[PDB]
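Peer 1: This is the structure, below, for whatever I ask next.
Positions of Cβ are generated from backbone atoms using ideal geometry, with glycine treated the same way; all protein chains shown enter the neighbour counts. The values are calculated or read from the model by the stated rules, or taken from the named source; no laboratory read-out is quoted.
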Amino acid sequence: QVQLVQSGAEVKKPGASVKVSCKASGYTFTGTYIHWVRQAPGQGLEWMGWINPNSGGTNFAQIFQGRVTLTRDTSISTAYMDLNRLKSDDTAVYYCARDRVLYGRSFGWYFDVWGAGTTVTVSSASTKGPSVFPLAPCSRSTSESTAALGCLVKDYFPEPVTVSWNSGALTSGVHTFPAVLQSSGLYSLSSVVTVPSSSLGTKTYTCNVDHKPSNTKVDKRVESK
Amino acid sequence: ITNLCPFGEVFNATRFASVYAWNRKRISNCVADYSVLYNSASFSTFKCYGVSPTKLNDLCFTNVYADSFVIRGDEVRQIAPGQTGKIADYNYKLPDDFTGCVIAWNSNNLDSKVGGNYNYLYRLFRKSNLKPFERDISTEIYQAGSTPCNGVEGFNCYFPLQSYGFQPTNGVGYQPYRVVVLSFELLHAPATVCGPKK
Amino acid sequence: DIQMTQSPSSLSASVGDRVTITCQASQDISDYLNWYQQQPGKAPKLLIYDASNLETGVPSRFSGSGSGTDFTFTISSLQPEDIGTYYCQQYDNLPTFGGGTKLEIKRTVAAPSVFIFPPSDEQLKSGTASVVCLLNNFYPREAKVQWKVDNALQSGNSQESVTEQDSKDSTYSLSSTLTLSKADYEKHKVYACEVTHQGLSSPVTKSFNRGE
Ligand SMILES: *[C@@H]1O[C@H](CO[C@@H]2O[C@@H](C)[C@@H](O)[C@@H](O)[C@@H]2O)[C@@H](O[C@@H]2O[C@H](CO)[C@@H](O)[C@H](O)[C@H]2NC(C)=O)[C@H](O)[C@H]1NC(C)=O
């Protein structure tokens with residue numbers, strides 16, 4: 001049971017710094033390098049550097065050299081990555097990953113055991129709760145066969161909003177689209193459902209929206225005009 | 001006891017120690033099927049200094065230490081007890097009454113790189129030859145000249161460690177060889193590592 | 001540096017098809033390459049190391065081959081758990097990754113179900129307006145959306161969010177959102193979106209006027 005456990009989501013202003021941590025267990029922590037690798041939203045992987053937890057020696061990719069600092073507390077098997085003077089495109093998932101204990105070449109880096117990843121968000125925008133608006137086709141009489149309807153969650157910043165329908169009682173034909181980061185720095189996402197035009201008279205549909213950073217749980221009932 | 005030895009962690013670990021800084025692992029509270037090692041054609045050398053390698057399965061051992069390091073292929077001759085030369089003199093000495101095994105295999109597809117793998121070092125200099133199973137990590141500047149020296153460098157003063165340049169195109173003998181030395185004691189004390197007799 | 005390129009930036013493949021993805025290094029890398037799979041919403045997983053050594057416990061279908069500047073990774077017959085991004089990585093000099101190849105399941109063509117959604121009274125009460133054009137259950141990803149008001153083509157004031165491929169039936173869905181001030185919304189009568197797509201015989205227009 002080898003494992004790497006990281007700190008929860010980090011949220012930061014431009015020009016600040018962030019301290020991601022990586023608690024190792026299930027193997028001898030001094031035995032192999034710990035690499036730090038990052039991944040920007042919808043983009044490829046990028047290696048930042050490593051620490052050798054036995055010697056405390058480190059090496060960095062040139063882009064991060066003078067920005068990243070890697071350290072470790074062997075008494076608690078924890079490696080740390082500190083990233084200084086943060087810019088907006090340092091918004092990324094940050095992973096620690098171990099360098100293969102057996103069967104490799106003595107030079108080679110690899111990344112055989114990976115941590116869960118820590119999302120860092122670097123932006124000017126303050127924490128804000130979503131405003132949730134109903135979406136319905138046009139009018140009730142202009143509907144036909146299978147309808148679609150939804151709710152749009154607008155202008156909220158602390159990333160991870162969760163949307164669910166009728167307290168989770170409805171899941172057939174549900175979508176919740178990936179959020180778009182707007183020009184104001186606040187996020188928005190659309191969530192939508194398909195239903196028979198016949199069921200709108202029997203029942204009503206409620207999207208439930210939970211935004212943990214703002215403690216903002218809000219429910220919108222969606223009705224056809 | 002029923003759990004097997006950590007011989008996978010000893011023999012197949014991705015990177016070995018430099019010979020100047022040879023790593024030691026203590027083996028205890030486990031079963032040791034030495035027939036799995038000795039029947040393996042991958043070992044270029046498996047020389048035993050107080051037991052036959054066929055008898056290792058019929059024995060139970062007091063404490064067992066595996067010493068792991070990398071050396072040049074022409075230098076594998078120096079790891080036998082009573083041998084001499086810069087590896088036996090300055091970085092890894094076995095005592096003349098050593099009881100145990102020296103096990104060695106070529107690593108040219110593992111430790112050797114097309115630009116040179118300089119990650120592996122040996123001790124080129126030492127005031128006096130080191131004692132049996134001593135290890136010297138210290139990087140104090142060696143003084144071959146008659147004058148004392150200070151700071152990082154000088155005329156006829158030298159950094160004491162040197163790296164080995166392992167390339168996959170090196171002639172055999174300049175290719176890297178991994179060594180494991182197993183250094184057990186026998187039949188005169190309570191025992192914790194056991195050959196697989198029921 | 002060593003820059004690395006992967007030849008397919010994405011590759012649609014059927015269940016049971018053979019997949020080949022090629023990675024090229026700018027320098028000669030000998031066999032100092034690893035391959036990793038990233039399934040949607042997880043950390044990467046090492047599959048091949050040292051250009052062709054298959055890792056412990058990974059399926060036998062995965063292969064890696066080649067040496068020098070040009071390398072290949074292969075799936076001998078694709079299975080619906082193989083869907084993700086595949087990245088190559090050199091280790092000759094500081095471990096650089098390639099751009100990644102997305103796999104996706106190949107399917108037969110399918111048309112988008114098109115819906116349009118007017119701004120709610122609660123939204124117009126905030127002093128801002130946004131209108132959503134929804135395309136549901138289609139397969140050839142590349143669907144292009146045109147936004148019009150009074151037959152005039154709009155630009156930059158709209159943005160689109162596309163789902164990951166639906167695991168149940170290998171299909172996409174997206175919506176485009178157009179945004180306007182409360183003053184900009186009211187001054188146009190006709191509001192339309194038009195979808196042009198490989199799964200349609202001709203483009204289709206969905207539209208409405210304020211009120212109804
Ligand atoms: C040291 O490793 C070798 C071979 O390395 C790997 O072993 C495989 C199980 C797999 O992890 C691959 O990546 C490599 O091939 C071990 O040799 C194997 O031993 C088993 C029996 O224990 C035998 O069935 C296999 O045929 C052997 N394979 C080869 C290629 O020789 C070896 O046992 C390991 N040493 C120790 C002390 O455990």
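Peer 1: What are the pairs, 6+ residues apart or on separate chains, where a residue within the stretch C:46-57 that is within 20 Å of residue A:37 (Cα to Cα) has its Cβ under 9 Å from a residue that is among the aliphatic types (A, V, I, L, M) and within 8 Å of the ligand (Cβ to nearest atom)?
Peer 2: Here the result reads C:47/C:54; C:48/C:54, each pair linking the stretch C:46-57 to a residue that is among the aliphatic types (A, V, I, L, M) and within 8 Å of the ligand (Cβ to nearest atom).
Peer 1: Moving to a separate point now. Can you name the residue in the stretch A:132-146 that is touching a strand residue (DSSP E or B) at 6+ places or on another chain (Cβ under 6 Å) and surrounded by fewer than 20 Cβ atoms within 10 Å (Cβ to Cβ) and, of all such residues, is nearest to residue C:208 (Cα to Cα)?
Peer 2: Filtering first and then ranking leaves A:138.
Peer 1: Are any residues in the stretch A:89-127 touching a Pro at 6+ places or on another chain (Cβ under 8 Å) and over 23 Å from residue A:23 (Cβ atoms), and if so, which ones?
Peer 2: The answer is A:91, A:122, A:123, A:124, A:127.
Peer 1: Has the stretch C:53-61 got any residue that is polar (S, T, N, Q), more than 16 Å from the ligand (Cβ to nearest atom) and either more than 9 Å from every other protein chain (Cβ to nearest Cβ) or under 19 Å from residue C:8 (Cα atoms) (or both)?
Peer 2: No, that holds for no residue.
Peer 1: So if I check each of B:92, B:65, which one is away from chain A (no Cβ under 14 Å), more than 30 Å from residue C:29 (Cα to Cα) and part of a loop (DSSP other than H, G, I, E, B)?
Peer 2: Result: B:92 is the single residue among B:92, B:65 that is away from chain A (no Cβ under 14 Å), more than 30 Å from residue C:29 (Cα to Cα) and part of a loop (DSSP other than H, G, I, E, B).
Peer 1: Condition check: surrounded by 14 or more Cβ atoms within 10 Å (Cβ to Cβ), of a type outside the set (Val, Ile, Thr), outside any helix (DSSP H, G or I) and assigned by CATH to the domain that holds residue B:179. Does residue B:41 satisfy that?
Peer 2: no
Peer 1: Being in contact (Cβ under 8 Å) with a residue 24 or more places away in the chain, within 14 Å of chain B (Cβ to nearest Cβ) and under 27 Å from the mean Cα position of the chain (by Cα) is the filter here; which residues of the stretch A:98-142 pass it?
Peer 2: Listed by number, the residues that qualify are A:98, A:99, A:100, A:109, A:111, A:113.
Peer 1: Test residue A:94 against the stated conditions and say whether it is assigned to a strand (DSSP E or B), buried (at least 20 other Cβ atoms within 10 Å of the Cβ), more than 14 Å from chain B (Cβ to nearest Cβ) and hydroxyl-bearing (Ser, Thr, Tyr).
Peer 2: yes
Peer 1: How many residues, within the stretch B:18-36, are more than 10 Å from the chain's Cα centre (by Cα) and in a strand (DSSP E or B)?
Peer 2: 5
Peer 1: Now for a separate question. In the list C:31, C:17, which residue meets the criterion of being assigned to a loop (DSSP other than H, G, I, E, B), on the phi < 0 side of the Ramachandran plot and away from chain A (no Cβ under 14 Å)?
Peer 2: Within the list C:31, C:17, the selection yields C:17.
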